[PDB]
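FYI the Cβ positions are ideal-geometry reconstructions off the backbone, even for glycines, and counts take in every protein chain you see. What is reported rests on the model, the rules as stated and the sources as named; nothing here is a laboratory result.
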Amino acid sequence: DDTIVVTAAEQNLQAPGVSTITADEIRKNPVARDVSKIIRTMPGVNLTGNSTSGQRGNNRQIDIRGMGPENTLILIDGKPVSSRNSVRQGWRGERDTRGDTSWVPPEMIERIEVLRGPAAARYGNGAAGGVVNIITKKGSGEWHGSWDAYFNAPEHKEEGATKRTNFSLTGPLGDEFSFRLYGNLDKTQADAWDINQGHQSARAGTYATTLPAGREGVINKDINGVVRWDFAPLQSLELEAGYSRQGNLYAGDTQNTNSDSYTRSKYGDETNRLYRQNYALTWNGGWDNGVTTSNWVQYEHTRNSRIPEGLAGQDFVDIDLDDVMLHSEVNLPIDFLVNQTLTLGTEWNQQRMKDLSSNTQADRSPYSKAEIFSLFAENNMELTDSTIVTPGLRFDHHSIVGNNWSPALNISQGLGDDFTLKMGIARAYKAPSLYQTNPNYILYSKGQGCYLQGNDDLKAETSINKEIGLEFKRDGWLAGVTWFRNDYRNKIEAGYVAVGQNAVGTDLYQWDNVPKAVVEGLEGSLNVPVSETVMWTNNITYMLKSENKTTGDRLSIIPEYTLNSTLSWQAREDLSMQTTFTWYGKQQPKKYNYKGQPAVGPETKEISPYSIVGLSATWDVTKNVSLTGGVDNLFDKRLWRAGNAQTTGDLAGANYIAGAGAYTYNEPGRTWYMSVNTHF
């Protein structure tokens, strides 16, 4: 019998908490400044700030199932992106990066895999929330190429516009060789410095001329090369090198005085930079035998050169991150008593950091370094014609933190009538950062929270993630309901109790483990082939629970439910159109302030449910030219950041900024856009 069973990894793409977005979907929904705009329309995915304090509220990233953006792991072609680790995390979880879903130009994406909960855990370190694996378009050995451009146009200028243009080339490079090359340039203007004027929370005294800043701008440059050697049947070697330069257009958190202040002297300048270099060597092999192997090595070098903000107690300060990842694995089809494919592998990862942070403040440390070594086995077993079980175990040894065991089990059972029952459970793993495990890494906050330092005795974060799903599927019909729950263990947050004062009576805290937190909810999907030419797709997500069991507070600020819906019409064979609709449930902020007291008055403001609609059309004029036009936010529904979620100062004193509650971000208004794709 020659029916091989698919690998556990492939099987897992069928888990109820996995979604795929195609190049076609991407081409019809042109992205402006970030592809997370399309990733967030998947069920169980939200766009939210790094910190539930509302700080850096206009820097939103992909959050999966309410676990927080920090818990989403991004891979490019299966390889982890560590770049975010060159920027230190703040006291409250804020992180001054643009996220990791903007390294790959949108037009270069073949497809996107979004894995959530149990399916995502096998990827190891960093996957507590989920995995977003970005797959690039591959070349075929013959000449092909593309030349594209995109730009939008906000009806309200305060809102920054985006322009993007890119190209790719691929072809034969000899006998057994080939190459792919692509380059990208994009620019997104920063929002106007006074965009939130007339919307700022109440403030006074030293804060009265201050305003909440809008979104910061960005400038991207990228170049990527790949050489592929197809030396044997089912045998290839692939060498990749790439380079990206990401720069900001400053606005900050309070780009606001009406005065010509420090905030206003930088507004629009590049004050922060990221240079990312990645190099990879990949060996994939196959045999008539059924056996496959995948072995690669990646070296990622990231430099963060930023102008520091504030003080303690224009010149760029740099931080360099080095990451080398080794990965090796074989897939063995096996006929024991039942058909099955055994996967066996190992990974080695080393990360080095070189800083320029000693901080007098009257702690000096040059490097940081850590290694993770891993072993893992997975098996995909075909128990019956309708029954599949995939058990797995991953072993991780972290150089500072020790051993971690991560078991997983996903089951799939056909129930007849094109109905399926699916369940999974897995233990996720996230190791603390070079920063959080370093006693030398300190942070001060005017307060006495006073000083916060590393902690070499931190446990890794862990998470038991579960899901049960029911799905009906056929002929373009799809209906599904999924229940999920994560019991999050040892989340690393700023500590809740001093560990002793200093040489002044000044209190010191550590990064520490929160014992328990929970996230629970429901996911639904509904696709209706309305007509041979008309499709209607929908997904809904509803949150039952989000909570840090230690503070009793929310883990992430997201809509209580989110509904996404697309209605598309294939009018001509070369012409389509679509309308897009999203509806958000209400957004409730934190319940308690920094000193554990109930949020009061303004700090408690919620955003009511709201919706945004878009329309767009794509016309393939020739098999070489495509034009796409659309408008986002058809009804111009807008939101403005009013400041951080909570009150700073004293409402009854002379100096203060009233809290914003959940109004921590700008939803941009009606916007026109156009896309021109040229290809062969």
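Residues checked against (1) surrounded by 15 or more Cβ atoms within 10 Å (Cβ to Cβ); (2) under 30 Å from residue 198 (Cβ atoms):
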residue	(1), (2)
248	yes, yes
254	yes, yes
257	yes, yes
291	yes, no
298	yes, no
302	yes, no
314	no, no
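Every condition in (1) surrounded by 15 or more Cβ atoms within 10 Å (Cβ to Cβ); (2) in a strand (DSSP E or B); (3) out of contact with any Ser or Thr (no Cβ under 7 Å at 6 or more places or on another chain) holds for residue 449 except the one numbered (2). Just one of the numbered conditions (1) farther than 29 Å from residue 90 by Cβ; (2) crowded, with 16+ Cβ neighbours inside 10 Å is not true of residue 490: (1). Taken together, 606, 667 contain a single residue that is within 29 Å of the chain's Cα centre (by Cα), surrounded by fewer than 16 Cβ atoms within 10 Å (Cβ to Cβ) and within 27 Å of residue 30 (Cα to Cα), which is 667. Scanning region 230-271 for residues that are under 30 Å from residue 79 (Cα atoms) and in a loop (DSSP other than H, G, I, E, B) yields 233, 234, 270, 271. Would you confirm whether any residue within region 454-461 is in a loop (DSSP other than H, G, I, E, B), within 25 Å of the chain's Cα centre (by Cα) and of a type in the set (D, E, K, R)? Taking every residue of region 454-461 in turn, at least one turns out to be in a loop (DSSP other than H, G, I, E, B), within 25 Å of the chain's Cα centre (by Cα) and of a type in the set (D, E, K, R). The set of residues from region 138-184 being part of a strand (DSSP E or B), under 29 Å from residue 638 (Cα atoms) and not aromatic (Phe, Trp, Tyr) comprises 149, 152, 153, 154, 162, 163, 164, 165. Taken residue by residue, region 497-509 has at least one member that is out of contact with any strand residue (DSSP E or B) (no Cβ under 8 Å at 6 or more places or on another chain), assigned to a loop (DSSP other than H, G, I, E, B) and either crowded, with 17+ Cβ neighbours inside 10 Å or not aliphatic (A, V, I, L, M) (or both). Within region 640-676, restricting attention to residues that are in a strand (DSSP E or B) and not polar (S, T, N, Q), the residue that is nearest to residue 61 (Cα to Cα) is 667. One residue stands out in region 14-39 among those that are among the acidic types (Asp, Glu) and surrounded by fewer than 21 Cβ atoms within 10 Å (Cβ to Cβ): the one that is nearest to the chain's Cα centre (by Cα), namely 25. Among the residues in region 203-221, are any assigned to a strand (DSSP E or B), crowded, with 16+ Cβ neighbours inside 10 Å and of a type in the set (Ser, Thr, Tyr)? No, there is no match, as no residue in region 203-221 is assigned to a strand (DSSP E or B), crowded, with 16+ Cβ neighbours inside 10 Å and of a type in the set (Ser, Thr, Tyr). For region 99-129, a residue qualifies if it is touching a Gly at 6+ places or on another chain (Cβ under 8 Å) and at positive phi, and exactly one does: 117. Once region 567-602 is narrowed to residues that are over 30 Å from residue 534 (Cβ atoms) and either outside the structural domain of residue 635 (by CATH) or in contact with a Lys or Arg (Cβ under 8 Å, 6 or more places away or on another chain) (or both), the residue that is surrounded by the most Cβ atoms within 10 Å (Cβ to Cβ) is 589. All of 101, 52, 22 fail the test of being of a type in the set (S, T, N, Q) and in contact with a helix residue (DSSP H, G or I) (Cβ under 6 Å, 6 or more places away or on another chain), apart from 101. Across region 110-140, the qualifying residues are those that are of a type in the set (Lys, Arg) and crowded, with 23+ Cβ neighbours inside 10 Å, and the one among them that is farthest from residue 251 (Cα to Cα) is 122.
Answer with yes or no whether residue 107 is surrounded by fewer than 21 Cβ atoms within 10 Å (Cβ to Cβ) and not assigned by CATH to the domain that holds residue 326. No. Exactly one residue among 637, 590, 623, 595 is assigned to a loop (DSSP other than H, G, I, E, B), touching a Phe, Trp or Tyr at 6+ places or on another chain (Cβ under 6 Å) and farther than 18 Å from residue 202 by Cα, and that residue is 637.
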